Amino acid sequence: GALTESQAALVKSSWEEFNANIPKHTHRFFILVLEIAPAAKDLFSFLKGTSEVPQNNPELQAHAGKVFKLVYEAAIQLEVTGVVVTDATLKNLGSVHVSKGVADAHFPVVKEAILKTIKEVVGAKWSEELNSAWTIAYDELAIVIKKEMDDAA
Ligand code: HEM
């Protein structure tokens, strides 16, 4: 619907299972990115010039870890305040995605890699409720980001 408290708890929980194994789950996420769009390898500074996705790289891990934490924090905010707030950070995030060559058409790629990562994290605990929770938070955060992108390009 638009982030009920039970949806918000499901996101927080799954997020906590994600961050219990950062090395594994962030390796997995980038595999799921290149399986959807092999061309995306080149947008990524620590992926470029590699064969396979590094398994123990700190920059890959800190990056993929901020990405997930931002969606999870958008979902708590949609559930608390009813919106995703535009702040320094997300306007900065609009400029950086612009610099790197990210386009609007790119956003569904990262969406499907997050949904698929999360389904492998929770395993048997996966639900349609959890899936649709992650979907709303992502899509609400991509709107605000794309907005910030667009003002500059
Ligand atoms: C809601 C969705 C998104 C979130 C929350 C997000 C979050 C981030 C964050 C936090 C960073 C690092 C910024 C910094 O600290 O410099 C970043 C960088 C980046 N994002 Fe995203 N991102 C999203 C969508 C996208 C999509 C669709 C693409 C395209 C494939 C993408 C590609 C990149 C690239 C290429 C970088 C550059 C990092 C580097 O090379 O070191 N992002 N994103």
# chains A, B, ... in the order shown; residues from 1 in each chain; ligands from 1
call {"tool": "closest_atom_pairs", "arguments": {"of": "chain A", "to": "ligand 1", "cutoff": "6 Å", "atoms": "only C-alpha atoms and all ligand atoms", "output": "CSV"}}
result
residue,atom,partner,partner_atom_place_in_ligand_line,distance
A:40,CA,ligand 1,30 (C),5.7
A:43,CA,ligand 1,35 (C),4.3
A:44,CA,ligand 1,40 (O),4.4
A:45,CA,ligand 1,40 (O),4.0
A:63,CA,ligand 1,12 (C),5.8
A:66,CA,ligand 1,10 (C),5.1
A:67,CA,ligand 1,7 (C),4.3
A:70,CA,ligand 1,5 (C),5.2
A:71,CA,ligand 1,5 (C),5.9
A:93,CA,ligand 1,13 (C),5.9
A:97,CA,ligand 1,20 (N),5.6
A:100,CA,ligand 1,35 (C),5.4
A:102,CA,ligand 1,29 (C),5.1
A:106,CA,ligand 1,27 (C),4.4
A:107,CA,ligand 1,27 (C),3.4
A:110,CA,ligand 1,27 (C),5.0
A:138,CA,ligand 1,1 (C),5.3
A:141,CA,ligand 1,1 (C),4.9
A:142,CA,ligand 1,1 (C),4.4
call {"tool": "residues_around", "arguments": {"residues": "residue 84 (chain A)", "least_positions_apart": "4", "cutoff": "10 Å", "atoms": "only C-alpha atoms", "output": "ChimeraX atom specification"}}
result
/A:73-80,137,140-144
call {"tool": "closest_residue", "arguments": {"among": "A:153, A:122, A:113, A:33", "to": "residue 19 (chain A)", "atoms": "only C-alpha atoms"}}
result
A:122
call {"tool": "closest_residue", "arguments": {"among": "A:136, A:128, A:146, A:61", "to": "residue 83 (chain A)", "atoms": "only C-alpha atoms"}}
result
A:136
call {"tool": "residues_around", "arguments": {"residues": "residue 36 (chain A)", "least_positions_apart": "2", "cutoff": "12 Å", "atoms": "only C-alpha atoms", "output": "PyMOL selection string"}}
result
chain A and resi 29-34+38-41+106-114+116
call {"tool": "write_last_selection", "arguments": {"atoms": "C-alpha atoms", "output": "tab-separated table (two decimals), in the first residue's frame"}}
result
chain	number	residue	atom	x	y	z
A	29	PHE	CA	24.28	-8.15	-5.27
A	30	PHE	CA	26.91	-7.13	-7.90
A	31	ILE	CA	26.74	-10.61	-9.47
A	32	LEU	CA	22.95	-10.00	-9.76
A	33	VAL	CA	23.66	-6.55	-11.32
A	34	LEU	CA	25.88	-8.02	-14.11
A	38	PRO	CA	26.45	-6.91	-18.17
A	39	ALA	CA	27.10	-3.43	-19.64
A	40	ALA	CA	26.78	-1.82	-16.17
A	41	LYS	CA	30.17	-3.26	-15.11
A	106	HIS	CA	19.29	2.28	-15.22
A	107	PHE	CA	17.13	2.35	-12.05
A	108	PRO	CA	15.07	-0.77	-12.65
A	109	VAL	CA	18.36	-2.76	-12.98
A	110	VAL	CA	19.48	-1.97	-9.47
A	111	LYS	CA	15.95	-2.45	-8.27
A	112	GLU	CA	15.77	-6.02	-9.50
A	113	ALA	CA	19.23	-6.83	-8.07
A	114	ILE	CA	18.21	-5.59	-4.55
A	116	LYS	CA	16.73	-10.71	-5.71
call {"tool": "closest_residue", "arguments": {"among": "A:4, A:81, A:51, A:26", "to": "residue 120 (chain A)", "atoms": "only C-alpha atoms"}}
result
A:26
call {"tool": "closest_residue", "arguments": {"among": "A:58, A:1, A:94, A:23", "to": "residue 148 (chain A)", "atoms": "only C-alpha atoms"}}
result
A:94
call {"tool": "atom_distance", "arguments": {"atom1": "CA of residue 24 (chain A)", "atom2": "CA of residue 121 (chain A)"}}
result
9.7 Å
call {"tool": "select_by_dssp", "arguments": {"residues": "region 47-131 of chain A", "states": "helix (DSSP H, G or I)", "output": "number ranges by chain"}}
result
A: 58-81, 88-99, 104-125, 128-131
call {"tool": "closest_residue", "arguments": {"among": "A:152, A:10, A:98, A:118", "to": "residue 28 (chain A)", "atoms": "only C-alpha atoms"}}
result
A:118
call {"tool": "decode", "arguments": {"residues": "region 83-105 of chain A", "atoms": "N, CA and C atoms", "output": "PDB file, in the first residue's frame"}}
result
ATOM      1  N   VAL A  83       6.486  10.328   3.581  1.00  0.00           N
ATOM      2  CA  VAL A  83       7.260  10.748   2.409  1.00  0.00           C
ATOM      3  C   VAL A  83       8.732  10.333   2.534  1.00  0.00           C
ATOM      4  N   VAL A  84       9.557  10.558   1.525  1.00  0.00           N
ATOM      5  CA  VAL A  84      11.024  10.428   1.532  1.00  0.00           C
ATOM      6  C   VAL A  84      11.532  11.892   1.555  1.00  0.00           C
ATOM      7  N   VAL A  85      12.245  12.328   2.530  1.00  0.00           N
ATOM      8  CA  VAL A  85      12.704  13.787   2.522  1.00  0.00           C
ATOM      9  C   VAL A  85      13.943  13.958   1.652  1.00  0.00           C
ATOM     10  N   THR A  86      13.985  15.059   0.946  1.00  0.00           N
ATOM     11  CA  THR A  86      15.086  15.572   0.112  1.00  0.00           C
ATOM     12  C   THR A  86      16.030  16.329   1.039  1.00  0.00           C
ATOM     13  N   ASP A  87      17.256  15.845   1.205  1.00  0.00           N
ATOM     14  CA  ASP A  87      18.251  16.528   2.086  1.00  0.00           C
ATOM     15  C   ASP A  87      19.595  16.605   1.346  1.00  0.00           C
ATOM     16  N   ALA A  88      20.564  17.295   1.929  1.00  0.00           N
ATOM     17  CA  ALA A  88      21.913  17.502   1.382  1.00  0.00           C
ATOM     18  C   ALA A  88      22.338  16.263   0.587  1.00  0.00           C
ATOM     19  N   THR A  89      22.578  15.209   1.359  1.00  0.00           N
ATOM     20  CA  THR A  89      22.924  13.894   0.920  1.00  0.00           C
ATOM     21  C   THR A  89      22.218  13.411  -0.328  1.00  0.00           C
ATOM     22  N   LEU A  90      20.907  13.540  -0.407  1.00  0.00           N
ATOM     23  CA  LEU A  90      20.243  12.987  -1.618  1.00  0.00           C
ATOM     24  C   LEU A  90      20.478  13.981  -2.744  1.00  0.00           C
ATOM     25  N   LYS A  91      20.643  15.278  -2.505  1.00  0.00           N
ATOM     26  CA  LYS A  91      20.963  16.198  -3.648  1.00  0.00           C
ATOM     27  C   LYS A  91      22.387  15.946  -4.142  1.00  0.00           C
ATOM     28  N   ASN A  92      23.314  15.676  -3.275  1.00  0.00           N
ATOM     29  CA  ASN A  92      24.657  15.273  -3.555  1.00  0.00           C
ATOM     30  C   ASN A  92      24.567  13.963  -4.364  1.00  0.00           C
ATOM     31  N   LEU A  93      23.777  12.999  -3.929  1.00  0.00           N
ATOM     32  CA  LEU A  93      23.599  11.698  -4.586  1.00  0.00           C
ATOM     33  C   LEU A  93      23.096  11.931  -6.023  1.00  0.00           C
ATOM     34  N   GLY A  94      22.367  12.955  -6.332  1.00  0.00           N
ATOM     35  CA  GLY A  94      21.881  13.297  -7.668  1.00  0.00           C
ATOM     36  C   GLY A  94      23.004  13.768  -8.564  1.00  0.00           C
ATOM     37  N   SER A  95      23.921  14.516  -7.952  1.00  0.00           N
ATOM     38  CA  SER A  95      25.074  15.044  -8.769  1.00  0.00           C
ATOM     39  C   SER A  95      26.020  13.904  -9.096  1.00  0.00           C
ATOM     40  N   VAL A  96      26.356  13.077  -8.100  1.00  0.00           N
ATOM     41  CA  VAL A  96      27.273  11.984  -8.357  1.00  0.00           C
ATOM     42  C   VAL A  96      26.730  10.995  -9.406  1.00  0.00           C
ATOM     43  N   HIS A  97      25.463  10.632  -9.367  1.00  0.00           N
ATOM     44  CA  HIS A  97      24.909   9.698 -10.341  1.00  0.00           C
ATOM     45  C   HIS A  97      24.929  10.343 -11.704  1.00  0.00           C
ATOM     46  N   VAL A  98      24.796  11.652 -11.714  1.00  0.00           N
ATOM     47  CA  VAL A  98      24.893  12.368 -13.003  1.00  0.00           C
ATOM     48  C   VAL A  98      26.328  12.288 -13.530  1.00  0.00           C
ATOM     49  N   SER A  99      27.321  12.619 -12.746  1.00  0.00           N
ATOM     50  CA  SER A  99      28.729  12.533 -13.136  1.00  0.00           C
ATOM     51  C   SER A  99      29.098  11.175 -13.736  1.00  0.00           C
ATOM     52  N   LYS A 100      28.730  10.066 -13.168  1.00  0.00           N
ATOM     53  CA  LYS A 100      29.053   8.708 -13.573  1.00  0.00           C
ATOM     54  C   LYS A 100      28.401   8.188 -14.833  1.00  0.00           C
ATOM     55  N   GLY A 101      27.422   8.865 -15.376  1.00  0.00           N
ATOM     56  CA  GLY A 101      26.686   8.453 -16.555  1.00  0.00           C
ATOM     57  C   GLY A 101      25.471   7.618 -16.242  1.00  0.00           C
ATOM     58  N   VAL A 102      24.862   7.791 -15.057  1.00  0.00           N
ATOM     59  CA  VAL A 102      23.638   6.991 -14.717  1.00  0.00           C
ATOM     60  C   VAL A 102      22.435   7.632 -15.369  1.00  0.00           C
ATOM     61  N   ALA A 103      21.524   6.905 -15.917  1.00  0.00           N
ATOM     62  CA  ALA A 103      20.302   7.356 -16.562  1.00  0.00           C
ATOM     63  C   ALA A 103      19.121   6.653 -15.858  1.00  0.00           C
ATOM     64  N   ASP A 104      17.984   7.287 -16.067  1.00  0.00           N
ATOM     65  CA  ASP A 104      16.686   6.918 -15.542  1.00  0.00           C
ATOM     66  C   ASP A 104      16.446   5.439 -15.870  1.00  0.00           C
ATOM     67  N   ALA A 105      16.796   4.968 -17.060  1.00  0.00           N
ATOM     68  CA  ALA A 105      16.623   3.624 -17.544  1.00  0.00           C
ATOM     69  C   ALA A 105      17.428   2.584 -16.785  1.00  0.00           C
TER      70      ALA A 105
END
